[PDB]
Each structure stands twice: as C-alpha cells, then as structure tokens.
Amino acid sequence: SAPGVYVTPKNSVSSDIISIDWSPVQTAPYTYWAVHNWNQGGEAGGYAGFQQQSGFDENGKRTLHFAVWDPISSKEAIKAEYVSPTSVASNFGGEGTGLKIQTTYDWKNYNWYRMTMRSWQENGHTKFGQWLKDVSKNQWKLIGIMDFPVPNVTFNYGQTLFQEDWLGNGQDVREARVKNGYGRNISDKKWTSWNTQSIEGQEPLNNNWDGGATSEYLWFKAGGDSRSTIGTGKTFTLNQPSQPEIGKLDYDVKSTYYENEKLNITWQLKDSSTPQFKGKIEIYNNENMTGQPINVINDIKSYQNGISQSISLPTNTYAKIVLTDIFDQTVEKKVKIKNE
C-alpha cells in the first residue's frame, strides 16, 4: 500500500544488452526494485532486480531477482542453464513453464550495483543472462542464465524501473537511486543512453511518494512521510556519457598441459575483469601461430573456466586462447602446451 513508483527512459529501443546502476537508500521489508523490465504482453516478458525480503537492513534477507513468464510460442519450459552458488531456480508464471532465479546477495545501502542483462541466440533458442557488478568491490559476477525455448527474442520494448511494496506496508519509507542507464541496439549494435527519464507514481491520486535528481543520479521514494514535490510525475536529465564506461577483460592462464592424450587448460579472470561471455582455443604446430590451426576447441561457455579434452597432438604445440566478454571485447593469450 505504499504507491508504486516508475522510472522510465524516454528513448529506449529494442536491445540485446540492457544495463543500469542502482543504489538502495532506505529499505523497508518486502520492497522489490525491478530495475529492468521487458516485453510485457509479448514473448519472454520478464524482469530483474533487487529485493529486500525480510527486515529493514543487511541482517534481513537481501536478494537479486530475475523472472521470465511462461513462453507463449512454445509449450516447453524455460530451463535454468546456469545458476550461481547462491541462486535458486523455480517455476514461475500462470502455468509454471516460466522461471525465476532468486539469488541471495549481500548488497549494502548507498553502494552501487550494476545489473547488466544480455540476450543471445544459441541452439535455436534464446538465452537470457544476468550479470551483476559490485561497484565498491570492483567485482563482476555471473548470476543466472535462462534457456528460453523460442528463437529470436530480444529486449524488444518495455524498459522501465518499478519500485514496489508487494505486501502492504505503506508506513515504511523505501528509497533508492539509479544512474548509467544504457542499452545496446538491435538495429546497429550501437549504444543508446537513457539520459532522460520520467519519474512517476503509479497512482496520480496518491502523493505518498517523491522523486528528483542530483547531477549524479535520479532518486525516488515512497511510503512513510513521503510527499510528492513533482506533482504526478516529471522528467529529469542526467548528463552522462553517450557510451557506457566498459572495463577491460583481463585473465591469467593457470594450467596448460598435455599428457596421456588429455589436454587440460584452465584460466581465471582477474578480480576486476569484465565477465566472460564465450571462448575458443586454436592450437598451432608452430610458435608464430601462422597458417591454419591443427585443432580448434569451440563453444567455450560464459561459465566455463577451462577445457579437459581427449585429443591427439604432436610434441610441440602452441595454444591461442581467445576470450570474449559480455561487451564483445576480445583478449588473446598465447601459451606453449607442456607435458605435466
């Protein structure tokens, strides 16, 4: 019974990547911030964000959320392709063929969290991935990947943030901040900057909410003694870069050996690295890695830190590891294949 509040980009478009930064300020129990929403009333309608479940603070249950409705064009269920160590997947939607992934995550008041989603095509299906950057720690994490049984779906429309009191407790204030809203366009693979966004209470009759902007972020609240200073809603601007600030992909090879016809190669992304999206490894018979590789190991997954493969190799081979991040930046490493 605190009113819902929406923060909606004025000029968003069909996207394959969607990103926003969020920071909680006041956190009543049973507050859900759906910082990304897409395709409502269309195929693969869904949302993702943060939730204060029990409590008012860090001692209560805090989580990330990610849900996608029952597929419309397929009778089949969405599968949890990846869930992180603190994530749990469950059935979701009116007929239980949707999916939600809830992740225990110890996010903190006044700290910033980047949530970046990506959708892509794989094996005739659409995959939806959730990644989270803990800005203070400067650490990315892969959260979850859903395997949706219909090809060619993206984040087509519907971009908005919603702050909801789901249980009824209008007397507790809930407040948070957002910034750095960007999407990557399906049309041309360029970025769209959500520099202009409207803050609007879900019911124009109820003024128990407020919003505004500093030069760094948009802020919004509902509940308690909140009283709108911006009427029924208002548009605010942030003067942010036209392109998002993307980090660098950096990693280290940890093992590279061949023995009893089994090749083992492992790597580890640096703690500050952008997260891994895909990989391949090309194996050459010469150090300069000229000509065609004698072998390729393809389809290394976002969540894959190594290969273990039975393979016939000559005595002196050289491996070129090619990793690409969720922003399609590629970084290569060259290593000689030992006999551990």
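A residue's number is simply how far along the shown sequence it sits, counting from 1.
- Higher average CA B factor: 249-257, of the stretches 117-125 and 249-257.
- The question of which stretch, 30-38 or 283-291, has the higher mean Cα B factor is settled in favour of 283-291.
- Between the residues 134, 147, 210, 165, the entry's highest C-alpha temperature factor is the one at 165.
- Looking at 71, 158, 181, 94, the one whose CA carries the top B-factor in the deposited record is 94.
- Sorting the modelled residues of the chain by their CA temperature factor places residue 17 in the lowest third.
- In the PDB entry, residue 322 places in the middle third of its chain by CA B-factor.
- The PDB entry assigns residue 221 a C-alpha temperature factor belonging to the middle third of its chain's modelled residues.
- In the PDB entry, a CA B factor belonging to the lowest third of its chain's modelled residues is recorded for residue 142.
- In the deposited entry, the Cα temperature factor of residue 77 places it in the middle third of its chain's modelled residues.
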